[PDB]
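Take a look at this single chain in structure tokens; it is the form deposited in one PDB entry.
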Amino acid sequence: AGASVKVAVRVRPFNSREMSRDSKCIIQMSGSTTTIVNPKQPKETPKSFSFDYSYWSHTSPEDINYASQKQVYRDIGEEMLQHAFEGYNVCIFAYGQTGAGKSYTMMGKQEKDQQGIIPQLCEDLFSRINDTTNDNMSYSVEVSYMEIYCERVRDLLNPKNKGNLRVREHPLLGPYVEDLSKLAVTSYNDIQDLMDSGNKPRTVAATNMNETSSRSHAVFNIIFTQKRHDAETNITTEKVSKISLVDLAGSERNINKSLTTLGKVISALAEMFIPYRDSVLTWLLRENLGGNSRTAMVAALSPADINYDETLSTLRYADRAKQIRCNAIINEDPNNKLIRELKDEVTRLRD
């Protein structure tokens, strides 16, 4: 019995498509509880689901029960960031139907407080670092941003590179992306400009009217290194935590082989031969799924009757995701133990 995957769901206002079809609301929330009415058989018992958070954002932020970008960051964003500081690897991944709110949640709009989890976590990470007053604490921050489209990886921080970059198994340390930019960053503004250009490099699709393809997964990785200098011994100990921030492809379903595999993975872990390597995504995230990571899912939900089956499917995946156990441990520099002895050895040797 370790820790389980945190699972939040979030329902947005009607979008243009839903208003055009005079869509009604079939989603209701109450504390941590989400209820969905079948608008096709309005005579069926509604189905209810209980999560770590049921966020009601169906209205406007002028309203009091509207779950804001700040609230959702502060509930799971901060929690995972604090765990990164404790020396744990963390993952949040946005799951749901095209249009349901995944990229609003993870990225936001950046116009006014519309900033999503990723930009907030980068403001908070850098904000905490520069508030440090222990001089024996110094810090390193390395970012990777990639797209998986149709099982082929691209580098969003290095667009000129057209590499279909190869997903390799390290024979000892597990999977990595060969020759993927790892860029040292020392300012929030600096990391802003990179996930800015990163986003602009995403595969665009005439099908989404030349908006970002709904079939592309966006993985934003920070390698966070904490350096503690000891004067007495002049050893520096390092904490290394990897933060994985994920904006999945559209859940509705060769080139979806990534997303269908995620399902089968989530489902295997829930009832507990795991097909981590049947797809690039489940492979690269083998560890964040049932391994050495603290992981949260934020499922986006359409409020609209027209999306009932997709929106029901998201809820049943969310609810299965709630039964996954993570075996996360603290990044432990063996040198802390070393420092404990050799310092004590010197002081008792001054009786």
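Residue numbers run from 1 along the displayed sequence. Here the rigid core means the biggest group of C-alpha atoms that line up within 1.5 Å when the two forms are laid on top of each other.
The next section is about a form of this same protein that is not shown, the form deposited in another entry.
Chemist: Where does the C-alpha shift reach 2 Å or more between this form and the one not shown among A205, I129, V185, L194, given a fit on the rigid core?
Modeler: After core superposition, the one over threshold is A205.
Chemist: Does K239 count as moved between this form and the one not shown, where moved means a C-alpha shift of 2 angstroms or more after fitting the rigid core?
Modeler: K239 C-alpha, core-superposed: shift of less than 2 Å.
Chemist: After a rigid core superposition, would you say the CA of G108 moves by 2 angstroms or more between this form and the one not shown, or not?
Modeler: Shift of 2 Å or more: no.
Chemist: Indicate whether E310 shows a C-alpha shift of 2 Å or more between this form and the one not shown, with the rigid core used for the fit.
Modeler: Comparing the forms between this form and the one not shown, which are aligned on their rigid core, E310 does not shift its C-alpha by 2 Å or more.
Chemist: Taking the shown form as the reference, report whether the CA atoms of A304 and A206 lie closer or farther apart in the other form; the distance changes by 3 angstroms or more.
Modeler: Here the pair is closer than in the other form; there, farther apart.
Chemist: Relative to what is shown, are the Cα atoms of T207 and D155 closer or farther apart in the other form, where the gap shifts by 3 Å or more?
Modeler: Those two alpha carbons end up closer in the other form.
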